[PDB]
Amino acid sequence: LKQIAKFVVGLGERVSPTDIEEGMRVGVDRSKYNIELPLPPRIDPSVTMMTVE
Amino acid sequence: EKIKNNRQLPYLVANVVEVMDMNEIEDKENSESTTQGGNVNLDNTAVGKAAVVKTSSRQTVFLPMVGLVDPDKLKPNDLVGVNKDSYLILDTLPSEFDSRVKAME
C-alpha cells in the first residue's frame, strides 16, 4: 500500500492470472483487499502527460 | 478441517525481529530457557519457541508462534505472513525484492 502496509492477497473474479502483471497498479477492494481490476501503470506522467500536443 | 478455515486471504505481512528461542519444557520450576531458584513464577514463565515479529503497520508484537511455521525456518529478517485479526504467523512467504529489481531479470 501507498500508506505502507503489505498484504498477501488472493484472486478476483473479473480477472485472471494472465491480466495481472508485476509492477502493475491494481485496484484492491477497501472492504477486504483483493485484486479487482488492473489499472494503467504509472502515476508518474503529469509533466510528460501535458507535453503531448 | 480448521486449518482450511484460517488459511483464507488476505493477511498481513511481517518480518521476524528476533526469534527468542526460549525452552518450552526444561523444568517445571521454570518453563523457559532460564533456570532460577524457587518454584512458582506464575505466568512470567510461559515463553517457549517464540517469535517477536515486526509488521508492515510498523509496530512490534510478541506472540508464541505457530509450530506449523517452524523456528528452524525463522531467522531475523525473513518475510512471514501474519494473520491480521490476531497476530499469529500464518505461514512463511518466500523472500522477494522490489518490483523494479524483478523487472531486470
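Rules behind the numbers
- Residues numbered from 1 in each chain as written, not as in the entry; some residues may be left out.
- Chains lettered and ligands numbered in written order.
- Part of a larger assembly, values for the part shown.
- Heavy atoms only, no water.
- Helix = DSSP H or I, 4+ residues; strand = E, 2+ residues; numbered from the N terminus.
- Rg over C-alpha atoms; globule rule 2.2 N^0.38 Å.
- Buried < 20%, exposed > 50% of the residue type's maximum accessible area, 1.4 Å probe, protein only.
- Contact = heavy atoms within 4.5 Å.
- Areas by Shrake-Rupley, 256 points an atom, 1.4 Å probe, with all protein chains shown as cover.
- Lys, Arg positive; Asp, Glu negative; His and termini not counted.
- Charge placed at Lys NZ, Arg CZ, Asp CG, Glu CD.
- Buried area = accessible area lost by both parts, 1.4 Å probe.
- Salt bridge = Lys/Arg side-chain N within 4 Å of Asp/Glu carboxyl O.
- Polar contact = N/O pair within 3.5 Å; in protein donor to acceptor, adjacent residues only side chain to side chain.
- Nonpolar A, V, L, I, M, F, W, Y, C, P; charged D, E, K, R; others polar.
- Pairing = 2+ DSSP bridges.
- Patch = residues over 30% accessible without salt bridge, like charges linked within 9 Å, V, L, I, M, F, W, Y side chains within 5 Å.

Peer 1: Outline the overall build of chain B, supporting the account with residue identities and numerical values.
Peer 2: If you tally the helices and strands in chain B, you get two helices and four strands. Here the C-alpha radius of gyration of chain B, 17 Å, is well above what a compact globule of 105 residues would show, namely 13 Å. With the C-alpha coordinates aligned to their principal axes, the bounding extent of chain B is approximately 60 × 30 × 25 Å. Counting the 105 residues in chain B, one finds 31% classified as buried. The contacts of chain B with a sequence gap of at least 6 include a subset with a gap of at least 24, amounting to 51%. Looking at chain B as shown, the accessible area adds up to about 7,100 Å², and 51% of this sits on carbon and sulfur atoms. When the 12 basic and 17 acidic side-chain charges of chain B are each reduced to a single mean position, those positions are 9 Å apart.

Peer 1: How would you sum up the interface of chain A and chain B? Please name residues and give values.
Peer 2: Between chain A and chain B, the contact holds 12 residues from the first and 12 residues from the second. Together, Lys6(A), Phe7(A) and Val8(A) form the three largest contributors to the area buried by chain A at its contact with chain B, with a combined 48%. Applying the counting criterion to the chain A and chain B interface returns one salt bridge. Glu96(B) serves as the salt-bridge partner of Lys6(A), at 3.9 Å between the closest nitrogen and oxygen. Across the chain A-chain B interface, the total number found is three residue pairs in polar contact. Among the residues forming the side of chain A that touches chain B, the class breakdown is six nonpolar, three polar and three charged.

Peer 1: Tell me about the pairing of strand β3 (residues 35-39) of chain A, and name the residues and values.
Peer 2: All names here are of chain A. For strand β2 (residues 25-28) and β3, the ladder comprises three bridges, and the chain directions are antiparallel. Paired with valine 28 across the two strands is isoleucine 35, which belongs to β3. A loop of six residues connects β2 with β3, the two strands running antiparallel in sequence.

Peer 1: Describe the side chain of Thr55(B), and please don't skip the residues or the numbers.
Peer 2: Residues and elements named next belong to chain B. As for its position among the elements, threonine 55 is in strand β2 (residues 51-55). Its relative accessible area of 5% is what places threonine 55 among the buried residues. Here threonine 55 is in contact with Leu12, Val13, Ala14 and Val82, once residues within four sequence places are set aside.

Peer 1: Now, about the pattern of salt bridges: what can you tell me, with residues and values included?
Peer 2: Residue and element names in this part refer to chain B. Taken as a whole and judged by the stated rule, the model has five salt bridges over all chains. Of the charged contacts, one joins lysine 4 and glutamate 1 as a salt bridge, the two residues approaching to 3.3 Å between their closest N and O atoms. For the pair shown, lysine 4 and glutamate 1 are each scored as exposed. Between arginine 7 and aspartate 91 there is a salt bridge whose closest N-O contact spans 3.5 Å. Of this pair, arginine 7 sits in the loop between α1 (3-6) and β1 (11-19) while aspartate 91 is found in the loop between β4 (79-82) and α2 (99-102), placing the two residues 84 residues apart along the sequence. A relative accessible area of 37% places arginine 7 in the partly exposed class. Of the residues examined, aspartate 91 reaches a relative accessible area of 14% and is grouped as buried.

Peer 1: How would you explain a negative patch on the surface if you had to name every residue and give the values?
Peer 2: A contiguous patch of negative charge, built from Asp19(A), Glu21(A), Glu22(A) and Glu105(B), is present on the exposed surface. Along the chain, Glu22(A) turns up in the loop between β1 (7-8) and β2. Overall, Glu22(A) belongs to the exposed group, its relative accessible area being 58%.

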